[PDB]
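Enquirer: Residue numbers (UniProt numbering), protein chains in the order written: chain A, 2 to 49; chain B, 1 to 112; chain C, 2 to 44; chain D, 3 to 122.
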RNA sequence: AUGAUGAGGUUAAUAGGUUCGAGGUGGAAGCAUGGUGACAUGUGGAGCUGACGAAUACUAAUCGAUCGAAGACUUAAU
RNA sequence: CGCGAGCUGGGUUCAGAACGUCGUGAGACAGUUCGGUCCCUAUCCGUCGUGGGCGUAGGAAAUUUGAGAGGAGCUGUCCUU
RNA sequence: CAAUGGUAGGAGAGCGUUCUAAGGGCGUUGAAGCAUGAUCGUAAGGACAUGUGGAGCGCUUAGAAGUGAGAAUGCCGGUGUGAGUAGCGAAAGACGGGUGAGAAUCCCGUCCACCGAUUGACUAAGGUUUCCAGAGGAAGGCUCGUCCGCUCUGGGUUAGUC
RNA sequence: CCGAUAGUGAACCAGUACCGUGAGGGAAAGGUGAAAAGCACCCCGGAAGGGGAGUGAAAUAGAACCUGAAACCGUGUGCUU
RNA sequence: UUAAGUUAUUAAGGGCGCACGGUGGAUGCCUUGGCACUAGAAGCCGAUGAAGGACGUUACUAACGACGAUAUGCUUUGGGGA
Ligand SMILES: CC[C@H]1OC(=O)[C@H](C)[C@@H](OC(=O)NCCCOCCC#Cc2ccc3c(=O)c(C(=O)O)cn(C)c3c2)[C@H](C)[C@@H](O[C@@H]2O[C@H](C)C[C@H](N(C)C)[C@H]2O)[C@](C)(OC)C[C@@H](C)C(=O)[C@H](C)[C@H]2NC(=O)O[C@@]21C
Ligand SMILES: [Mg+2]
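1) So which residues of chain B does residue 98 of chain D contact, with C-beta pairs closer than 8 angstroms?
2) Quick one: what's got a C-beta closer than 7 angstroms to residue 23 of chain C's C-beta in the same chain, skipping five residues either side?
3) Among B/86, B/94, B/77, whose alpha-carbon lies nearest the alpha-carbon of residue 103 of chain B?
4) Roughly how far, in whole angstroms, is the beta-carbon of residue 70 of chain B from the beta-carbon of residue 94 of chain B, given that I think they are within contact range, below 8 angstroms?
5) Based on DSSP bridge pairs, tell me the residues matched to residue 122 of chain B.
6) Should the segment 20 to 32 of chain D be called in touch with the segment 113 to 120 of chain D, which here means at least 3 C-beta pairs below 8 angstroms?
7) Under 7 angstroms between beta-carbons, which chain A residues line up against residue 104 of chain D? List them in chain order, please.
8) Taking residue 113 of chain D as the query, report the chain B residues whose CB atoms sit under 7 angstroms from its CB, ordered along the chain.
9) Closer than 8 angstroms, CB to CB, is residue 3 of chain A near chain B or not?
10) Among D/121, D/76, D/104, whose alpha-carbon lies nearest the alpha-carbon of residue 48 of chain A?
11) Since residue 51 of chain D meets chain A, which of its residues come closer than 8 angstroms, beta carbon to beta carbon?
12) How far does the alpha helix (DSSP H) with residue 12 of chain D in it reach, from first residue to last?
13) Can you tell me which of D/111, D/22, D/12, D/4 puts its alpha carbon nearest to the alpha carbon of residue 68 of chain D?
14) Exposed or buried, which one is residue 10 of chain D when buried takes at least 16 other CB atoms within 10 Å?
15) Got a sec: does ligand 2 put a non-hydrogen atom nearer than 7 angstroms to the Cβ of residue 113 of chain D?
16) Is DSSP giving residue 23 of chain B helix, strand or coil here?
17) Name, please, each residue of chain A whose Cβ falls closer than 8 angstroms to the Cβ of residue 10 of chain B.
18) Flag residue 69 of chain B as yes if its beta-carbon sits less than 8 angstroms from any beta-carbon of chain A, otherwise no.
19) Using a Cβ cut-off of 8 angstroms (strictly closer), state whether residue 55 of chain B contacts chain A.
20) Put residue 7 of chain C into one of helix, strand or coil per three-state DSSP.
Shown next as C-alpha cells:
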C-alpha cells in the first residue's frame, strides 16, 4: 500500500491531462451589457 | 506595446493559481475580466486585481487603451514557501508546506 | 492519563534551587561546572 | 424528496423555521436545495390560509413558529394572523404559484448556489 | 458515485404548486345529545394523506452563448 | 500442502501459572493444561465497471450484418407401454 | 619482426585541485566564478569565442598536502513523487438587520436546539498578563475571517479583621 | 593554518533558541552600495505587491539586497507521436 | 460518376531540442572570528566581604556594554585638541 516507484514527470503530466477548470457559463446581460452567469441574476444591475 | 503587472508572494499554492490562469490565456480583456469575476475559485479575486493593474498601467504609461487589449501571456510560478508542521499521532510530526505564487500578466495591443 | 511532571513550585525549589545545591559539596560542584560553562540559569 | 444533508428532526425544524422566516420577510436568501424544499411547505401553508376555517387555522399552527411582527404604527400581530389576513386576500384568485425563485451566483465560503426565494 | 443514458425547456406538462383520484390510516375540528366523572353517540368510511394516475401554465425550464461540411490522389470501368 | 496488503486465530511457537517426569540447581520436555496486541490511506501490472480524445478521405441522425468473445450445459421420482 | 582480454594483486607513466619559492605575465579597454557552443589531445583533461560578473588570476620549474566521490539503511541543506489524494479532531442550526475591499464563519435581533450533581457558580494547585478599552490583519487559528487566548498602543490587582 | 557544511559549540547579543524533573545535552543563522545617495511624485490596490518617473556605474544591486549552479516548477514553440 | 487500391490531416495530452522565467543556496571572491605557536610580563582572589550573579541606573525605552542609589557616572593629577 505504498508507491513501489516514482511517478515520472511524464506520467504525472499525463494523468492530469483531464484535470482542469471549465470557463464559466457566462452570457451577456440584456440590461447592462456586462457578463453574467446564465439563469442567475446579474450582480451588476440586478435584472431577471 | 506590452504592459506588465506582477503580484508577488501571493498566498496561494501555484498549482491552484494556474488552474484559473489556464482560461484567460490569449483572450480579450473584457472577456478575461468577465471570466475571473464569475469563476467561483479562490485565486480568482487576486488575479482579477493583477489584470486590473496591468490594464491601468497600460493606459497611464503607454496610452494603451483597454478596448483592444489581450492577455498576451499570463502565468504563475513558485514563491518563497513557508514551512509548518502538524502534530500527528504517536508523537510523530508531519510537515505542511504553505506555498506561494508569483503571478505575472502581460497584456498587448498585438501591434508593434 | 496522569503523565509525569505534575508541576509544583515548592518541591521544584526544594529539591533543586540555589540553597539546595549550596548544601552539599557535590551540590557546590554543579554550580561550579555551570559557571565554567557560562550558563545563565545556575539552579 | 431531498434530505438536505441532515437528519429528520433537524430538517423538520429547519424547514418550518425557514417557512416562518419567509412568511415574515416575504423574500429571503438561501441555497438552492433548501429553497427547492421550502417552496412546497410555504405553498401548502398559504393553501391552509386561503380557506381560513378554524380547522385549517389550527392545522397550519403546527408548522409556523410563534413570532411577533411590529407593523407600521406599532401594530402587532403574529405569523398565523399575517398568513390568514394579509396573504390569503392577496392570493384569493391565484390557483398555484405563490412563490418564485431567482438563482444567484455562488457564494464565497462555499460553492453553494445562493438563491432568493420570495413570495410572489 | 461523477461524468454518461434517457424524459423536457414557453411554439412547454419536465418538475413544483392547485384540482380530482388511487392506495394507506381509521371516525378530524366545532357543535348538539347523554354521563357526577373517566367517556360515548350523530354530523361524516369523516379528517389527513411522501414518492402513485390524470388535468391545469399558477411558479420555474425567460435571455442568450459555443461547437459543427464544402469533401485527396492513383487506376479501372462510366 | 491455492487464496491472511481478502477474514478468523481454535492448534502451534515469546513473556504468567500449574501438574507428571528429568536435573543437586538455574531450568528442561514438540509431554500435558489455563491465559495471552493479526499493522498498512493501492504507485505500477492485473481485474470489474464507467467517461473523454482521436481514426475509420465530407459533416450528421437513426437501423444494423457478424470476424470474434462470453453464458448456459446437471439430474431425480412417478405413471404408461 | 614479435606482443597488447582480464578479477585479488605487483610494476610504470601520467591528468587534475589548494598553497608556497623564484622567474615571467594577464587584468574595469573587464579577473575568478557561472552558462552556452558544431574545438583540441590516446585518457585523466586542455583551450578559444560569446553572454552574465564586477576584482583578482594565470603560465614555466620546483616544492608541500585537509588533493579528486556514486553508493557506507552515510551527515547537513534544498526540492520532488504519493496528490490536489488522506485528513479538517465527538455535537444544530436557520433567517432578518449592520458593518466592510471582501462575510455560512464578525456585531445586533427573532426563532430553534444542547447541558443543567452541570458545558452553571466559587476556590485551591499550576500557568504567569493570556485580564480591560481602542486599533490592525502579514503570520498563528486544521476553512474563511471585518473576528480572537494573535499583533500594536494605553490601561487594570487598593485589607488592622480574607 | 581555516575562510562561513571550514575555522571555536559560538565571526551574527551562544553555552543563547531549544530539549530534559534534573545532572546534563545543545543548535541554526556573515556579505546592498563608493556614498544611504534606502526609490520626491504619479498610476492600479483596503493593504501586500506592482508599473512608470527619479538615485546610482549597475536596481534581474531595492533592503530576504554581491556572484546565483543543480534538483524542482512554469510559459512559449522547430521536429516528432 | 462508380468500383478497387493507396495515403495525408489530427494532438486531449506526451517526448526531444531550444529560448526565457522562478525556486534554491552550491561556487568564486571577501573578513569581523578562530587555530597553532614564539618572545617577554605575570602566575593569588577572599570577613578589608571574593569568584559569580540578581535588581536597578539615561530626556524618552526594551536589549547589549558601561555604571551603582554620587548609578548610561563623580573628584584629582597628567596626556590631548572640537
Ligand atoms: C499496531 C501497529 C503495529 O503493528 C503491529 O504491531 C502488528 C500487530 C504486528 O503484527 C504481528 O504481530 N504479526 C502477526 C500476528 C502473529 O501472531 C502469531 C502469534 C504470536 C506471537 C509473538 C511471538 C513473540 C513475541 C515476542 O517475542 C515479543 C517480545 O516482546 O519480545 C512480543 N510479542 C508480542 C510476541 C508475539 C507487526 C506487523 C509486527 O510485524 C510482524 O512481526 C514478526 C516479527 C514478523 C512478521 N512477518 C515478517 C512474518 C511481521 O509482519 C511488528 C514487529 O510489530 C511488532 C512490526 C514492526 C515493523 C513494528 O514495530 C511496527 C512499527 C508496529 N509497531 C507499532 O507501534 O506500529 C506497528 C505497525
Ligand atoms: Mg502526545
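By construction, the Cβ of each residue, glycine as well, lies at the ideal position given by its N, Cα and C atoms.
Expert: According to the structure data:
1) Result: empty, since nearest Cβ-Cβ is about 34 angstroms, beyond 8 angstroms.
2) 29
3) B/77
4) With a Cβ gap of about 44 angstroms, residue 70 of chain B and residue 94 of chain B do not count as contacting.
5) In this structure chain B extends from 1 to 112, so residue 122 of chain B is not present and cannot be described.
6) yes
7) 42
8) 40
9) no
10) D/104
11) Under the 8 angstroms cutoff, chain A gives no residues; its nearest Cβ is about 28 angstroms from residue 51 of chain D.
12) 10 to 27
13) D/22
14) exposed
15) no
16) coil
17) Ordered by position in chain A, no residue passes the 8 angstroms Cβ test against residue 10 of chain B, which lies about 18 angstroms from the chain.
18) no
19) no
20) coil
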